[PDB]
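Below are the chains, spelled out letter by letter.
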Amino acid sequence: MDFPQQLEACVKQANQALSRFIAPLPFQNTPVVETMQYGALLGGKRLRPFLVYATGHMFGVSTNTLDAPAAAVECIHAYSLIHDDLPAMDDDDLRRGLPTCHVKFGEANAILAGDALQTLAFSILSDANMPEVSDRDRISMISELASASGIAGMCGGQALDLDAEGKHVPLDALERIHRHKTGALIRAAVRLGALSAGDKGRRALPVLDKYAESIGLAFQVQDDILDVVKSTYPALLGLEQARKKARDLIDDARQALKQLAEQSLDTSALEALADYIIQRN
Amino acid sequence: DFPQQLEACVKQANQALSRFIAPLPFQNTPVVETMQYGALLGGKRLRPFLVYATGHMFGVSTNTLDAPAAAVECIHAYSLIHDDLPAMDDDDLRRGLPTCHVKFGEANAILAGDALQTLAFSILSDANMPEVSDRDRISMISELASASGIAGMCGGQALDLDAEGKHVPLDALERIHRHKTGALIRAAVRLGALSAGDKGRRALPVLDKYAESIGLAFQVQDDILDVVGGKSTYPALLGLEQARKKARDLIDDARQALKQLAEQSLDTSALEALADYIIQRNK
Ligand SMILES: CC(C)CCOP(=O)(O)OP(=O)(O)O
Ligand SMILES: CC(C)CCOP(=O)(O)OP(=O)(O)O
């Protein structure tokens, strides 16, 4: 199967995993729970779950066990978008070809839905059945998701980003904003997949981190290029050197995978992802 | 002496809170300045009091209890920052001072509340709790999450909104409170007990009774004090004096639940003083 079919397949897996935890929730007939479902399940590429699944599978972890961190990272991802769309934030009327949550359900419902999705990520990690995941590793997973999603990571990146409005920050500052705003949660997806496998996965982390941060930045560069085809990669470097940048970052990602392949790990899915990113634009 | 124990637990909870907020990165950013303003300035710290009092009953150290005390207060703090927003309760003032969104703008207030919720989970998974088991630590995280999310606090805030000016009946009103404020108050007690482990876990059945009783009693008493100190309240549905009776009956339950524990060599004096304080407050 081609990567487009793989993405379709993961989207369906990520979607099941998501609904398996969302459907048993109380208050289903309320605007807020309806907003949570709209905001979490309708559209999206599910790249964070993909990373959890792909990384976990390399270490021989079942899809059942991985459904948990895959849904949990997507819950953090979904909540951030709901809050980021708010008029006080990015103020978006449309997302995923659909009116954003605050437009459809109202700001209060959007605020609460986002708040509750964050919490659900932690309930999932602390409650989901993961038969071969030790208690120590589960705490590492929770700890990782929390530092990556909070002020040290995602929130902290969003803070920096709003502060950078109208400041035309240099490339190094820009990459720092991205590393925290999106890099941290993408690194978390990979880290949760490997922690899932225990000590074996825990040893591949320094290399997996390099892969994750590199593809995290490569995604942002491609997004920026797609926008033209605040500071952005193209605005700072010019189109050609932004394309070069994405190519450089994917090379960095492949070097990381090279180290994993040398440890007899199947990097095919992670390699397929680097391939998909660089063929973009 | 109890009003002095409260001031003592407040200064302590604040220390705990600062312990976990101060070393965070980006200290010189509006968002972080907002988390500090919202978490630390003003408040009675009753949830932390519940954590400290329940834990101390089992001889758990304060240094250890600083974690669950700070974590529950972060959840509480974040809920107020978000609830104060114009789209929600729309409050310009709180604790006698401008609210977060008024002082720092909505964007910051939104982000700071989000980051405080995350911090609660970073505290429970990272804090040094030398005597706390991994299975218990996990139970402490699971509990905070269930109590704070759609099944607890957020779900209560929703029920409360979806009921905007609907004159809900008594059962619906109690359901709103049970989730909106009861769950987190019970979580405070449940976390204090969990840190102790086995001894604490066996006390939960009775501790929950105490927690649920005082949780509702706080709300009934708030309603009473709003009257003598449309949306449904206890005096509006029951009558002022029937609301007082209701609060009094709740504290009785709380005292009885505690007897059962004091009947197992547990010093319930602090939890007793709190139950008495609830029903006795005049402002
Ligand atoms: C483009 C956009 C505003 C949506 C943000 O999410 P994202 O593009 O980081 O999500 P993925 O790159 O993981 O698909
Ligand atoms: C004044 C008053 C007791 C009402 C404040 O209620 P709150 O929920 O903000 O805090 P408590 O639960 O500690 O009372």
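Residues numbered from 1 in each chain as written, not as in the entry; some residues may be left out. Chains lettered and ligands numbered in written order. Heavy atoms only, no water.

Method of structure determination, per the deposited record: X-ray crystallography was used for this entry, reaching 2.00 Å resolution.

With that settled, the discussion passes to the side chain of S142 of chain B. Assignment of secondary structure puts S142 of chain B in helix α7 (residues 134-148). You can call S142 of chain B buried: its relative accessible area is 17%. A distance of 2.5 Å separates polar atoms of two side chains, one belonging to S142 of chain B and the other to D127 of chain A. Discounting chain neighbours no more than four positions away, the residues touching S142 of chain B are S126 and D127 of chain A. (Helix = DSSP H or I, 4+ residues; strand = E, 2+ residues; numbered from the N terminus. Buried < 20%, exposed > 50% of the residue type's maximum accessible area, 1.4 Å probe, protein only. Polar contact = N/O pair within 3.5 Å; in protein donor to acceptor, adjacent residues only side chain to side chain. Contact = heavy atoms within 4.5 Å.)

The partner chain A presents 45 residues to the 46 residues of chain B that form the contact. Each partner contributes to the roughly 3600 Å² buried at the junction of chain B and chain A, and carbon and sulfur atoms together form 75% of this total. Considering only the side of chain B, the residues that lose the most area to chain A are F26, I138 and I150 of chain B, jointly responsible for 19% of the buried surface there. In this structure, the connection of chain B to chain A is made through 6 residue pairs in polar contact. Those elements that provide at least two residues to the side of chain B that touches chain A are α2 (30-40), α4 (62-83), α6 (106-126), α7, α8 (153-161) and α9 (170-194) of chain B. When residues of the side of chain B that touches chain A are assigned to their parent elements, the largest contribution, 12 residues, is made by α6 of chain B. For the side of chain B that touches chain A, the residue count by class is 25 nonpolar, 13 polar and 8 charged. (Buried area = accessible area lost by both parts, 1.4 Å probe. Nonpolar A, V, L, I, M, F, W, Y, C, P; charged D, E, K, R; others polar.)

What follows deals with the site of ligand 2. All names here are of chain B. In the vicinity of ligand 2, the contacting residues are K44, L46, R47, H76, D222 and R281. With respect to ligand 2, the side chain of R47 contributes an N or O atom lying 3.0 Å from an oxygen atom. Taken together, the residues of the shell around ligand 2 sort by class into 1 nonpolar, 1 polar and 4 charged. (Near = heavy atom within 4 Å.)

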